[PDB]
Amino acid sequence: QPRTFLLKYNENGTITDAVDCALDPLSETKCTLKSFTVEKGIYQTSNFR
Amino acid sequence: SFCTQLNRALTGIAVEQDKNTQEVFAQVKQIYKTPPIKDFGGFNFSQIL
C-alpha cells in the first residue's frame, strides 16, 4: 500500500530500521521530527481529517 | 520542510503566550485571601478586592 516510511540507512547504504508513519502518533512524530528518538514533550504531527 | 516550519513557529508562539501570562501573574505561587476583618484606618478596600 502506498504508505510513508522513515528509513534510517547505515554506511553501506542498507536500511537498518524503518518507521511506518501511519500506525500510531509516536511513529508520525518520529516521521515528523525525522528522528527515531522521541523525548519527553508534546507534539503536533498531524491533525486528523 | 517549509510548511512544517511554519506550523512549528505557530506552536512556538502558542507556548510563548502562556509563559508570558505565567511570568506576570504566577511569579508568586502562593494564593492569598482578602482581609476577613475590614479595618484599613480611613481606607476602604472593597473596590479593588
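Count begins at 1; order follows the chain as displayed.
So how was this one determined? The header says electron microscopy, 4.2 Å.
The backbone N, Cα and C atoms fix where each Cβ goes, and this holds for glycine too.
Listed features, source Swiss-Prot:
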{"type": "DISULFID", "residues": "A:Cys21-A:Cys31", "note": "disulfide bond"}
{"type": "CARBOHYD", "residues": "A:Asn12", "note": "N-linked glycosylation site"}
{"type": "REGION", "residues": "A:10-31", "note": "region 'Putative superantigen'"}
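According to DSSP, the region 'Putative superantigen' (A:10-31) comprises 7 helix, 6 strand, 9 coil. Straight-line distance linking the Cα atoms of A:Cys31 (disulfide bond) and A:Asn12 (N-linked glycosylation site), rounded to a whole number, equals 22 Å. Separation of the C-alpha atoms of A:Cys21 (disulfide bond) and A:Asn12 (N-linked glycosylation site): 24 Å, rounded to the nearest whole number.
Taking a C-beta cut-off of under 8 angstroms and a sequence separation of 6 or more, A:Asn12 (N-linked glycosylation site) has no same-chain neighbours. Other C-beta atoms found within 10 angstroms of the C-beta of A:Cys21 (disulfide bond) number 20, with every protein chain shown included.
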